[PDB]
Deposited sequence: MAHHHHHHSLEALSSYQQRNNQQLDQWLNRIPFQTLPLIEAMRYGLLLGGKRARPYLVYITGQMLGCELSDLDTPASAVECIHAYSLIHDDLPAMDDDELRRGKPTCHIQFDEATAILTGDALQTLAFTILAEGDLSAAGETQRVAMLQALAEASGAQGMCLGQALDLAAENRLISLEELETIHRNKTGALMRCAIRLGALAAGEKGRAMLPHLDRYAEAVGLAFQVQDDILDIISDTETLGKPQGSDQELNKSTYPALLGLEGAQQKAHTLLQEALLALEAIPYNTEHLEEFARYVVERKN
C-alpha cells in the first residue's frame, strides 16, 4: 500500500547490475555452476535485504557507492539459502544445486572481503563479516533452519514458532540493516541497539503477515495459534514496536518506518 512497492524496484535494479560485475569476475563462465549461480541469483525476489542496506545507510549519510558491497553480499546469502531450501532432501544437477548454494555463500564473503567501502566503512569491514557470518550460521539462519526441521512434523508453541522465524528470517534481515549502518562507520554502529529492536520487530511481523495473507486469499501458523484476528493484532503490535524503536534514532527514519508499514499493509 506504500510507495515501497515500487521503491524496491529502484534498488532492485542496482543490486542486479552489481551482482553481475561480481559474477563476471568468475572464470570458466561456460561452465554450468557459474550458470546456476547466475540464475539462482538474478531470479531472487523483492530484495528486501539489499534495500534495507541501501536505505539504512543513506539515512546515515552514505552514498550508494558506499553500500553496493554489503548490499550485494547480503543478497548472496539470501540466494544461497533458497537454493538449499528447494532441495529434494529438504522439501520432500541437484548436486549442481548443492554446489551453487555453497558457492553463493562463499561469494558473499568474497564480496565483503574485496568490495569497495568508504573510509568510514573500511573501519567496519571486519565487523560486517562477523555480523554476516553470525547471522548466517548455527547462530542464525542455520540454527533457525535446524529448528524448522523438528517443527515440520509437529504443531508447536507460539514461542517455538517465533524462535524459528526469529533465527530463520530475523537474523539475516537484522543483518542487512546492521550492514547498511556499519557502512557509515562508528556513527552507524552506535545506532545498532535501536536498529536491532526495529529489525527484530520487522523481521517477525513479516512472517505473521504472510500467514495472514495465506488465510485471506482462498500446521503451526500464527493464525492457528492466535486466530485470524489474534494474529492481525500481533502484526499491528509489532508495527508499533518497530516505529517505537525508530523514534530513538536521531536521523530521517522516514523510509524505514515506511518499510515497516509496507510489511504489514501489503496485499502481496
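According to the record, no C-alpha positions are given for deposited positions 1 to 5, 98 to 111, 238 to 252, numbered from 1.
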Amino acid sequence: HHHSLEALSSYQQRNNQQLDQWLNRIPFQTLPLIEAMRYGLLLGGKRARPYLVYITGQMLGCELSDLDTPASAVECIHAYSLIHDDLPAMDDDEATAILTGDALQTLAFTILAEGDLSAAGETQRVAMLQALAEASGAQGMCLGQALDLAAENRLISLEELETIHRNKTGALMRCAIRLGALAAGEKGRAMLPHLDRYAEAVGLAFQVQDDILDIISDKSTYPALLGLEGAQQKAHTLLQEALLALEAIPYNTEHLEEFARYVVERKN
From here on, numbers count along this sequence of modelled residues.
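Comparing the deposited coordinates for 52 to 60 and 24 to 32, the stretch with the larger average C-alpha B-factor is 24 to 32. Comparing 128 to 136 with 79 to 87, the higher mean C-alpha B-factor in the PDB entry belongs to 79 to 87. As recorded in the entry, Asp92 carries the highest CA temperature factor of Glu122, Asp196, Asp92, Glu114. In this structure the maximum Cα B-factor among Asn153, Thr169, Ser118, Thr106 is found at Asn153. Among the modelled residues of its chain, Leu158 has a C-alpha B-factor that falls in the middle third, as given in the PDB entry. Placement of the Cα temperature factor of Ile216 within the chain: highest third of the modelled residues, per the deposited record. In the PDB entry, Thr69 places in the lowest third of its chain by CA B-factor. Among all modelled residues in its chain, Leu149 ranks in the highest third by Cα B-factor. Residue-level temperature factors show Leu239 in the lowest third of its chain, judged at the C-alpha atom.
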